[PDB]
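**Q** Here it is, the structure, as structure tokens.
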Amino acid sequence: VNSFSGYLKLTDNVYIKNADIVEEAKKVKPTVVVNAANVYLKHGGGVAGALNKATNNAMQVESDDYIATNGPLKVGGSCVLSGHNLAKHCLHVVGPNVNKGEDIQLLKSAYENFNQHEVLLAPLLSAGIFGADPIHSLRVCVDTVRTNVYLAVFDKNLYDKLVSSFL
Ligand SMILES: OC[C@H](Cc1cncs1)Nc1ncnc2[nH]ccc12
Ligand SMILES: [Cl-]
């Protein structure tokens, strides 16, 4: 039993809800919130900009130190950093950005990072401003993640389309 509320159950392990991931994280304070990161951990817009704003820029400050020490992430890769006031940990995961010409096949690799964590609050990787098809991102999530994932879909109209089209 966990404290996630109001989710539709898609499979044994994947749940979905129309919600603002920032507000969800503040309410649940999950062990792991997933950020839709880029390789530079520059949290400007989309989920990343919103999460970082909610931390009063502490996420960005921590991220800049991480990059100065370790260099950029790989597309498809991840790192674990603090969750600040939102969660215990933030798993920064880099899905491919179609608006940069990155290989959509890397989306499966990106979702594989979720399997290192028993329970996660997450967005659909490569969706939104990353330019991939969200219906595809959900399919890859369901077919790749084996741990318990609670998906927050900000757009109510998109959420209804994802539910009604889910196979
Ligand atoms: O796939 C990630 C989606 C993509 C979008 C598609 N249409 C509108 S945003 N983004 C978000 N998802 C959940 N919470 C969020 N908070 C802030 C952004 C955000
Ligand atoms: Cl987005």
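Letters A, B, ... mark the chains of the structure tokens in the order given; residue numbers begin at 1 per chain; ligand numbers begin at 1, in order shown.
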Can you pull out every residue within 12 Å of residue 75 of chain A, counting only C-alpha atoms, but drop anything in the same chain fewer than 2 positions away, and send it as a count of residues only?
**A** 33
**Q** Hey, what's within 8 Å of segment 16-31 of chain A if we count only C-alpha atoms and toss same-chain stuff fewer than 3 positions away? As an MDAnalysis selection string, please?
**A** chainID A and resid 3:4 6:10 47 50:51 54 85:89 119:123 150:156 159
**Q** Got a sec to tell me which of segment 116-153 of chain A DSSP assigns to helix (DSSP H, G or I), as a ChimeraX atom specification?
**A** /A:116,128-130,134-144
**Q** Neighbours of ligand 2 within 8 Å, counting only C-alpha atoms and all ligand atoms, as a PDB file with N, CA and C atoms, in the first residue's frame?
**A**
ATOM      1  N   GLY A  45      12.402  24.358 -19.067  1.00  0.00           N
ATOM      2  CA  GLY A  45      11.007  24.339 -19.454  1.00  0.00           C
ATOM      3  C   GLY A  45      10.428  22.949 -19.318  1.00  0.00           C
ATOM      4  N   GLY A  46       9.147  22.827 -19.657  1.00  0.00           N
ATOM      5  CA  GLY A  46       8.495  21.550 -19.488  1.00  0.00           C
ATOM      6  C   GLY A  46       8.509  21.129 -18.033  1.00  0.00           C
ATOM      7  N   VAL A  47       8.475  19.811 -17.819  1.00  0.00           N
ATOM      8  CA  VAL A  47       8.524  19.264 -16.465  1.00  0.00           C
ATOM      9  C   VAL A  47       9.746  19.772 -15.712  1.00  0.00           C
ATOM     10  N   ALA A 127       7.698  13.073 -24.116  1.00  0.00           N
ATOM     11  CA  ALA A 127       6.443  13.733 -24.464  1.00  0.00           C
ATOM     12  C   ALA A 127       6.600  15.249 -24.308  1.00  0.00           C
ATOM     13  N   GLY A 128       5.494  15.975 -24.465  1.00  0.00           N
ATOM     14  CA  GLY A 128       5.538  17.421 -24.325  1.00  0.00           C
ATOM     15  C   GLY A 128       6.551  18.035 -25.266  1.00  0.00           C
ATOM     16  N   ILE A 129       7.349  18.971 -24.740  1.00  0.00           N
ATOM     17  CA  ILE A 129       8.293  19.725 -25.563  1.00  0.00           C
ATOM     18  C   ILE A 129       9.442  18.883 -26.102  1.00  0.00           C
ATOM     19  N   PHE A 130       9.573  17.612 -25.683  1.00  0.00           N
ATOM     20  CA  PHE A 130      10.558  16.719 -26.286  1.00  0.00           C
ATOM     21  C   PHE A 130      10.081  16.124 -27.614  1.00  0.00           C
TER      22      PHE A 130
END
**Q** Counting only C-alpha atoms, which of A:114, A:76, A:132, A:84 gets nearest to residue 56 of chain A?
**A**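 Going through A:114, A:76, A:132, A:84 one by one, the smallest distance to residue 56 of chain A is for A:84.
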**Q** Within 8 Å of residue 135 of chain A, counting only C-alpha atoms, which residues show up once you throw out same-chain ones fewer than 5 positions away? Write them as a PyMOL selection string, please.
**A** chain A and resi 162+165-166
**Q** For the residues selected in the previous step, produce a file with N, CA, C and O atoms as a PDB file, in the first residue's frame.
**A**
ATOM      1  N   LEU A 162      -5.051   9.276 -24.042  1.00  0.00           N
ATOM      2  CA  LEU A 162      -4.179   8.161 -23.681  1.00  0.00           C
ATOM      3  C   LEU A 162      -4.978   7.003 -23.097  1.00  0.00           C
ATOM      4  O   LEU A 162      -4.738   5.839 -23.437  1.00  0.00           O
ATOM      5  N   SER A 165      -7.320   5.329 -25.827  1.00  0.00           N
ATOM      6  CA  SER A 165      -6.585   4.627 -26.865  1.00  0.00           C
ATOM      7  C   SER A 165      -5.702   3.517 -26.312  1.00  0.00           C
ATOM      8  O   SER A 165      -5.026   2.839 -27.092  1.00  0.00           O
ATOM      9  N   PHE A 166      -5.685   3.314 -24.994  1.00  0.00           N
ATOM     10  CA  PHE A 166      -4.750   2.356 -24.424  1.00  0.00           C
ATOM     11  C   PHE A 166      -5.164   0.935 -24.766  1.00  0.00           C
ATOM     12  O   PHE A 166      -6.324   0.550 -24.584  1.00  0.00           O
TER      13      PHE A 166
END
**Q** Identify, with DSSP run on backbone atoms, the residues in segment 48-162 of chain A assigned to strand (DSSP E or B), and express the list as a list in words.
**A** residues 78, 79, 80, 81, 82, 89, 90, 91, 92, 93, 119, 120, 121, 122, 148, 149, 150, 151, 152 and 153 of chain A
**Q** Based on the selection just made, write C-alpha atoms of those residues as a short mmCIF file (atom, residue, chain, number, x, y, z; two decimals), in the first residue's frame.
**A**
data_model
loop_
_atom_site.label_atom_id
_atom_site.label_comp_id
_atom_site.auth_asym_id
_atom_site.auth_seq_id
_atom_site.Cartn_x
_atom_site.Cartn_y
_atom_site.Cartn_z
CA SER A 78 20.06 9.06 -15.82
CA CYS A 79 21.45 10.19 -12.50
CA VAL A 80 20.04 10.24 -8.97
CA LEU A 81 20.13 13.60 -7.20
CA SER A 82 18.23 15.15 -4.30
CA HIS A 89 15.28 11.63 -4.58
CA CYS A 90 14.97 12.95 -8.10
CA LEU A 91 15.84 10.53 -10.90
CA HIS A 92 16.88 12.76 -13.81
CA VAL A 93 16.20 10.72 -16.97
CA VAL A 119 8.20 2.90 -6.94
CA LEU A 120 8.32 6.16 -8.92
CA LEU A 121 6.22 9.22 -9.72
CA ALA A 122 7.00 10.09 -13.32
CA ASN A 148 5.61 0.40 -9.91
CA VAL A 149 5.21 3.63 -11.87
CA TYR A 150 2.65 6.37 -11.24
CA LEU A 151 2.36 8.56 -14.33
CA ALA A 152 1.22 12.18 -14.12
CA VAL A 153 -0.13 13.58 -17.41
#
